[PDB]
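K.L.:
Here you go, one structure.
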Ligand SMILES: *SCCNC(=O)C(C)(C)Oc1ccc(Cl)cc1
Ligand SMILES: *SCCNC(=O)C(C)(C)Oc1ccc(Cl)cc1
Ligand SMILES: CCOc1cccc2sc(C(=N)N)cc12
Ligand SMILES: CCOc1cccc2sc(C(=N)N)cc12
Ligand SMILES: [Mg+2]
Ligand SMILES: [Mg+2]
Ligand SMILES: [Mg+2]
Ligand SMILES: [Mg+2]
Ligand SMILES: [Mg+2]
Ligand SMILES: [Mg+2]
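Next up, the structure:
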């Protein structure tokens, strides 16, 4: 790895600088190097990893949707043949996206998840595993599509099972996991009723727990609760 | 070149798709491949080239300014030593920026400018040559800094001389050249009076020529005139 | 698109 | 920063 010669602490420092400069590809490469040092990550370092790759893959997803839209229009009735270029370039972006997803899933498998014993780390990594299989599912069309979807579901489910046993209902990681698994149900699994039920039950159980929280914890939890209610508003 | 096997027309088509997807690094690589086919560029193709690299280098410049700011703060009195990391990462971004500038200047020299005989193409390319030497000047600190600045000045001046002889005062390329040469004077050459005089004379001479224009040409010219007046407002 | 974090 | 095109 090109970051093998750089100190772990220097990689973390430069990831933070890259975030300040909105250089998310750099930030992801620095965090990849930090993970590959083989030590467990702290809470803050897990955030740096997830922010970096979320921004990289988010950009790729946005681009892929633009191109897929153009490609679909090109294949409608009455559209003038434009050649293979739209498909080729959509495929190029798609392959790069899959590569990023495979890289993140690789870090989780080698060896972040197997060393993550605390709920706060293990749930976070399993949620990420669900997220990056979900991104693969968004572009999947082949023999393995159902297996990709089930890989996302399995990771999310394991994360949910732990989060319900080991975290309070207002824990922001528990809330964010439920937010994203709900979107998985709605957008990937064709299960809108399950998406809505999960978002609503998650919201209501968090509401009932807010009274236990400090002002700062309250702010953190209500932020994610508002995203649950935003999705519910979109869907109902 | 990695784009050597792709048709010129397919490269242009994919540059346009990349722009729609806001994938400017891709757009620049596609246009680089199109230029390297060795044929002259049309007006629209010159715009695709300039948009692609302007967006790429613009992002690098923004990042470099963030990092340089952090680096300067780190070197002030009372600041805690943080090690070489800020400088290293600023240098990394700076080297990548210089690489992009060298690539664009390379395309202009090999062989876009020498084949550009019409004012609309030649002024456009010489303006670009001034722009990319200006970006190099923004980060220059070595023995060749004054020569980099003078390279920018020389290119801008040749473009100005042609534009004044061969283009009307409202021509958007003439206006944009004057806008950017004015910024060169203000920000690079430490010549604010020349920057202000050029912007004002350019604005006034365009104003007097607007009566000759159609509605659509009027819109194009007044757009760039407003940028001249915005800069004048900043500077006075 | 729906919100995810 | 000033405007350029
Ligand atoms: S870990 C990145 C820092 N956190 C965030 O940006 C927000 C979205 C405010 O909080 C969460 C992010 C991710 C999860 Cl799983 C939960 C909350
Ligand atoms: S060539 C890119 C298309 N044109 C533009 O985006 C604007 C800024 C509207 O016009 C000009 C760009 C560049 C020049 Cl030199 C002049 C006008
Ligand atoms: C979890 C440990 O620290 C965080 C708590 C809450 C929000 C953020 S944002 C962030 C970052 N570099 N983007 C880190 C954190
Ligand atoms: C010059 C030939 O065509 C243009 C005139 C005016 C504005 C634009 S913008 C643009 C583009 N792909 N960004 C091309 C043009
Ligand atoms: Mg070490
Ligand atoms: Mg594919
Ligand atoms: Mg249930
Ligand atoms: Mg050919
Ligand atoms: Mg340097
Ligand atoms: Mg003069």
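Chains as they are written, first to last, in the numbering used here: chain A, 203 to 438; chain B, 203 to 438; chain C, 24 to 28; chain D, 24 to 28.
Where is the CB? At the ideal position from N, CA and C, for every residue including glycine.
1) Within 10 Å of its beta-carbon, does residue 292 of chain B have 16 or more other beta-carbons around it, so buried, or fewer, so exposed?
2) For residue 288 of chain B, decide whether its Cβ has a neighbour in chain D, counting only Cβ atoms nearer than 7 angstroms.
3) Do you know offhand how far residue 422 of chain B's Cα is from residue 244 of chain B's?
4) Would you decide whether residue 428 of chain A is buried or exposed? Buried here means 16 or more other CB atoms lie within 10 Å of its CB.
5) Given 6 angstroms as the limit, tell me if residue 246 of chain B has its C-beta closer than that to any heavy atom belonging to ligand 4.
6) Is it buried or exposed for residue 417 of chain B, if we count other Cβ within 10 angstroms and need 16 for buried?
7) Would you report the Cα separation of residue 225 of chain B and residue 368 of chain A, rounded to the nearest angstrom?
8) Have a look at residue 389 of chain B and residue 275 of chain B and give me their C-alpha separation to the nearest angstrom.
9) Roughly how many angstroms separate the alpha carbons of residue 231 of chain B and residue 413 of chain A, rounded to a whole number?
10) Only counting the same chain, and skipping five residues up and downstream in sequence, which positions put a Cβ closer than 8 angstroms to that of residue 370 of chain B?
11) Where does residue 28 of chain D sit, in a helix, a strand or coil, going by DSSP?
12) Between residue 365 of chain A and residue 321 of chain A, how many whole angstroms is the CB-CB distance? I'm expecting something under 8 angstroms.
13) Can you list, in chain order, the residues of its chain whose CB lies under 7 angstroms from that of residue 334 of chain B, leaving out five sequence neighbours each side?
14) What is the residue span of the alpha helix (DSSP H) that residue 394 of chain B lies within?
15) Leaving aside the five residues before and after residue 258 of chain B along the sequence, list all residues of the same chain whose C-beta is less than 7 angstroms from its C-beta, in chain order.
16) With contact counted as at least three CB pairs below 8 angstroms, one residue from each stretch, are the segment 271 to 286 of chain A and the segment 233 to 247 of chain B in contact?
17) So which residues of chain A does residue 224 of chain B contact, with C-beta pairs closer than 9 angstroms?
18) By the DSSP assignment, the alpha helix (DSSP H) with residue 315 of chain B in it spans what residues?
19) Please report how far the alpha carbon of residue 283 of chain B lies from the alpha carbon of residue 207 of chain A, in whole angstroms.
20) Can you tell me whether DSSP reads residue 381 of chain A as helix, strand or coil?
21) Is it buried or exposed, residue 339 of chain B, if we count other Cβ atoms within 10 angstroms and call 16 or more buried?
22) When you compare only the Cα positions, how much space is there between residue 239 of chain A and residue 354 of chain B?
23) Residues with a Cβ closer than 6 angstroms to any heavy atom of ligand 8, in chain order?
24) Do you know offhand how far residue 332 of chain B's Cα is from residue 26 of chain D's?
25) Where does the unbroken alpha helix (DSSP H) through residue 416 of chain B begin, and where does it stop?
26) In the structure shown, what three-state DSSP assignment does residue 343 of chain A receive?
27) Please go through the same chain and pick out, in chain order, the residues whose beta-carbon is closer than 7 angstroms to the beta-carbon of residue 432 of chain B, but skip the five residues on each side of it.
28) Who are the Cβ neighbours of residue 296 of chain B in its own chain at under 7 angstroms, not counting the five residues just before and after it?
29) So with CB distances below 8 angstroms, who are the chain A contacts of residue 216 of chain B?
30) Under 6 angstroms from any heavy atom of ligand 1, does the C-beta of residue 374 of chain B make it?
31) Which chain C residues are close to residue 500 of chain A, counting only those with a beta carbon under 9 angstroms from its beta carbon?
32) Report all residues from its chain with a CB closer than 6 angstroms to the CB of residue 392 of chain B; omit the five preceding and five following residues, and keep chain order.
33) According to the Cβ coordinates, are residue 439 of chain B and residue 299 of chain A closer than 7 angstroms?
34) Quick check: what's the CA-CA separation for residue 317 of chain B versus residue 242 of chain B?
P.N.:
Let's see:
1) Residue 292 of chain B is buried by the Cβ-count criterion.
2) It does not; no Cβ of chain D falls within 7 angstroms.
3) Here the alpha carbons of residue 244 of chain B and residue 422 of chain B stand approximately 19 angstroms from one another.
4) It is exposed - the Cβ of residue 428 of chain A has fewer than 16 other Cβ atoms within 10 Å.
5) Indeed, a heavy atom of ligand 4 lies less than 6 angstroms from the Cβ.
6) Classified as exposed, residue 417 of chain B has fewer than 16 neighbouring CB atoms from the shown chains inside 10 Å of its CB.
7) Their Cα atoms are separated by approximately 42 angstroms.
8) Residue 389 of chain B and residue 275 of chain B: Cα-Cα distance of roughly 21 angstroms.
9) Computed Cα separation, rounded: 55 angstroms.
10) Excluding positions up to five away in sequence, the list reads 376, 411 and 414.
11) The answer is coil: DSSP assigns residue 28 of chain D none of H, G, I, E or B.
12) Contact holds; Cβ gap of about 7 angstroms.
13) Within the same chain, 303, 306 and 307 come within 7 angstroms of residue 334 of chain B by CB-CB distance, once the 5 residues on both sides are set aside.
14) Per DSSP, residue 394 of chain B belongs to the alpha helix (DSSP H) from 394 to 409.
15) Excluding positions up to five away in sequence, the list reads 226, 227, 230 and 302.
16) No: fewer than three Cβ pairs fall under 8 angstroms.
17) Think of a sphere of 9 angstroms around the beta carbon of residue 224 of chain B: the chain A residues whose beta carbon falls inside it are 261, 264, 265 and 268, in chain order.
18) Neither: residue 315 of chain B is in no alpha helix (DSSP H) and is coded neither H nor E.
19) Residue 283 of chain B and residue 207 of chain A have their C-alpha atoms roughly 22 angstroms apart.
20) In the three-state reduction of the DSSP assignment, residue 381 of chain A falls in the helix class.
21) Residue 339 of chain B is buried by the Cβ-count criterion.
22) If I take the Cα positions, the gap works out to 45 angstroms.
23) Result: B/209 and B/210.
24) If I take the Cα positions, the gap works out to 15 angstroms.
25) Residue 416 of chain B -> no alpha helix (DSSP H), and no H or E assigned at all.
26) The answer is coil: DSSP assigns residue 343 of chain A none of H, G, I, E or B.
27) Hits under 7 angstroms: none found.
28) So the list reads 266 and 341, once near-sequence residues are dropped.
29) By Cβ distance, chain A contributes 287, 290 and 291.
30) For ligand 1, no non-hydrogen atom lies closer than 6 angstroms to the CB of residue 374 of chain B.
31) It is not possible to answer for residue 500 of chain A, since the shown part of chain A is limited to 203 through 438.
32) Counting only Cβ-Cβ distances below 6 angstroms, and skipping sequence neighbours, we find nothing.
33) The question about residue 439 of chain B has no answer here: the residues shown for chain B are numbered 203 through 438.
34) Their backbone Cα atoms lie some 7 angstroms apart in a straight line.
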